[PDB]
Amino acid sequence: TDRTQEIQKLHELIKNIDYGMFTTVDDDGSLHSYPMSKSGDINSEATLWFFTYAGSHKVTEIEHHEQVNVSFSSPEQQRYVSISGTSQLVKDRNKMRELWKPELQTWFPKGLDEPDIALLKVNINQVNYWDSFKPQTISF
């Protein structure tokens, strides 16, 4: 598929940008953004994965408004990426085991035995990027 090519393009775009800004909309219609660093590379599935505490303030926003945006800004590379998609909180044990890295101990002291540890998944719908003015678009 050109799906493979699109997922590959997205990988090349964001692989070197460790933190993106994850934006939600809340009940009042306000938009809040949060620095987030994904776990794992994109592959096959056009899905991004992030560890979180289930009680993190962003989680209730995402629960009530699943449409989100994650942006990646790289002045180092003169590159800007807007990823629109839907996000859900999951507690999928297999995906957590797959994505866990010892480094996460700093934020999750009990590791996967933290009672409130969870994942935010982002199902990518559209990517717009600037490598300027009008973006290039990838639709998934």
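Numbering starts at 1 and follows the sequence shown.
Visitor: What size is the break between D131 and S132 in terms of deposited sequence residues left without coordinates: none, 1 to 3, 4 to 9, or 10 or more?
Guide: Gap size class: 1 to 3 residues without coordinates, per the record.
Visitor: Got a sec? Mean C-alpha B-factor, which is higher, 96-104 or 23-31?
Guide: Stretch with the greater average CA B-factor: 96-104.
Visitor: Highest mean C-alpha temperature factor of the two stretches 60-68 and 36-44, which is it?
Guide: For C-alpha atoms only, the mean B-factor is higher in 36-44.
Visitor: Given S82, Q78, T52, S87, identify the residue with the highest C-alpha B factor in the PDB entry.
Guide: When the deposited C-alpha B-factors of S82, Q78, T52, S87 are compared, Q78 is largest.
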